[PDB]
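**Student:** Quick one, fold the following:
(one chain, ligands or ions: 15)
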Amino acid sequence: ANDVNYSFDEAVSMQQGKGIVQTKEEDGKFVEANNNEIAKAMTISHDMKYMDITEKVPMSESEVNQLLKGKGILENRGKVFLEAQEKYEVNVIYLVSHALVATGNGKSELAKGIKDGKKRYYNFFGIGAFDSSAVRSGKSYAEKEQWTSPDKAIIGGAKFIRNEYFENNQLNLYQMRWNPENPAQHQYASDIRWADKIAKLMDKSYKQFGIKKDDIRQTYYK
Ligand SMILES: CC(=O)N[C@@H]1[C@@H](O[C@H](C)C(=O)O)[C@H](O[C@@H]2O[C@H](CO)[C@@H](O)[C@H](O)[C@H]2NC(C)=O)[C@@H](CO)O[C@H]1O
Ligand SMILES: [Cl-]
Ligand SMILES: [Cl-]
Ligand SMILES: [Cl-]
Ligand SMILES: [Cl-]
Ligand SMILES: [Cl-]
Ligand SMILES: [Cl-]
Ligand SMILES: [Cl-]
Ligand SMILES: [Cl-]
Ligand SMILES: [Cl-]
Ligand SMILES: [Cl-]
Ligand SMILES: [Cl-]
Ligand SMILES: [Cl-]
Ligand SMILES: [Cl-]
Ligand SMILES: [Cl-]
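**Tutor:** Numbering: from 1, shown residues only. Ligands and ions are numbered 1, 2, ... in the order given. Below, you will see the structure:
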């Protein structure tokens, strides 16, 4: 179980490698992050981003629906978020928080899906290519997996996170974002503050319901 493979400096050089997309929000839009910004963002500073999200939390449907109140297309879908938690062993507070970041609090125009013929495809976790061209050409994960409803996008997103990240030993946000076992490969997002945004919402929800934190991992680099 020895997944500590690289020094921090080695990992930084890899994250700064040729063509690797690393972005930051500036003047209201996303721009490429510079080398210093990338390095700063990946620095370990001790802690929601380091918490194991493969452990479930005791949240009832009513509690999850409280989190989802006023969240657009996600409102009143707490039953299904909990279906996903139990089927796939995925922390439901994490799952909600991720969906809220990825969909603009459930209110973005993209969160309402992409039409293709008689069907509409939904994607609430930023998974794969998700625009009209990718849906038309058929080179969209959401279309491939037939996420033809919001509920199917909630379940399927969870299934994807479990099967592709959690089963790959990327068990916390930091690992999902920066894959320290194999730096610069298989990273969930280009936004250098992706983990911080999800972690902030998670912490608020933990403190709202009095939830206890699961295991926090400290060490990633030689
Ligand atoms: C969840 C997702 O789709 N995230 C995008 C991410 O893809 C990850 C790795 C995934 O499919 O789970 C994507 O990362 C690149 O993906 C291409 C394959 O499409 C790879 O060839 C690259 O090596 C990946 N790069 C890294 C650094 O992992 C990124 C690209 O910016 O976008 C994420 O939204
Ligand atoms: Cl480059
Ligand atoms: Cl990339
Ligand atoms: Cl309930
Ligand atoms: Cl929008
Ligand atoms: Cl995302
Ligand atoms: Cl895709
Ligand atoms: Cl992609
Ligand atoms: Cl639905
Ligand atoms: Cl990759
Ligand atoms: Cl990997
Ligand atoms: Cl981070
Ligand atoms: Cl506090
Ligand atoms: Cl608890
Ligand atoms: Cl470390």
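
**Student:** going forward, measure contacts and count neighbours with C-alpha atoms only.
**Tutor:** Fine.

**Student:** Enumerate every residue touching the residue nearest the centre of the chain.
**Tutor:** Centroid-nearest residue in the chain, with CA atoms, centre = their mean: residue 98, separated by 4.7 Å. Applying CA atoms under 8 Å, 6 or more residues apart in numbering to residue 98 gives the contacts 125, 198.

**Student:** before we move on, what SS does whichever residue of the chain sits closest to ligand 8 have?
**Tutor:** Of all residues in the chain, residue 128 sits closest to ligand 8, at 3.7 Å by CA to the ion. Here residue 128 is recorded as coil under DSSP: H, G, I helix; E, B strand; the rest coil.

**Student:** What sits closest to it if chain neighbours are left out?
**Tutor:** residue 141 (5.6 Å; CA to CA, 6 or more residues apart in numbering).

**Student:** tell me which element the residue nearest to the centre of the chain falls in.
**Tutor:** In this assignment (DSSP states H and E), residue 98 forms part of helix 92-103.

**Student:** Isn't residue 4 up against residue 183?
**Tutor:** No. Contact criterion CA atoms under 8 Å: residue 4 and residue 183 do not qualify, at 11.0 Å.

**Student:** more crowded one of the two?
**Tutor:** Neighbour count, other CA atoms under 10 Å: between residue 4 and residue 183, residue 183 has more, with 20 against 13.

**Student:** would you list every one of the helices in this structure?
**Tutor:** 8-15, 35-42, 61-68, 78-88, 92-103, 132-137, 141-144, 150-160, 173-178, 194-209 (DSSP state H).

**Student:** interface residues of the chain facing ligand 6?
**Tutor:** 102, 125-126 (CA under 5 Å from the ion).

**Student:** Neighbour-wise, which one of these leads?
**Tutor:** residue 125 (24 neighbours).

**Student:** Skipping adjacent residues, who's closest to residue 123 in space?
**Tutor:** What sits nearest to residue 123 in space, not counting adjacent residues and going by CA to CA, 6+ apart, is residue 153, at 5.5 Å.

**Student:** Close to ligand 3: what parts of the protein are there?
**Tutor:** Contacts of the chain with ligand 3, taken as CA under 5 Å from the ion, map to 20-21.

**Student:** Around ligand 14, which positions in the chain sit nearby?
**Tutor:** Counting by CA under 5 Å from the ion, the chain comes close to ligand 14 at 211-212.

**Student:** where does the chain come near ligand 7, residue by residue?
**Tutor:** 128-129, 140-141.

**Student:** Most neighbours among those residues, which one is it?
**Tutor:** Top of the residues of the chain next to ligand 7 by neighbour count (other CA under 10 Å): residue 140, with 20 neighbours.

**Student:** check contacts around that residue.
**Tutor:** 128-130, 134.

**Student:** Among those residues, pick out the one closest to ligand 15, please.
**Tutor:** Taking CA to the ion as the measure, ligand 15 sits nearest to residue 128 out of the contacts of residue 140, at 29.3 Å.

**Student:** which residues sit in contact with that closest one?
**Tutor:** 140-142.

**Student:** neighbouring contacts of stretch 146-154?
**Tutor:** 73-74, 77, 80-81, 84, 119-124, 142, 156.

**Student:** are any of those buried, and which?
**Tutor:** Among these, the ones that count as buried by 16 or more other CA atoms under 10 Å are 73-74, 77, 80-81, 84, 120-124, 142, 156.
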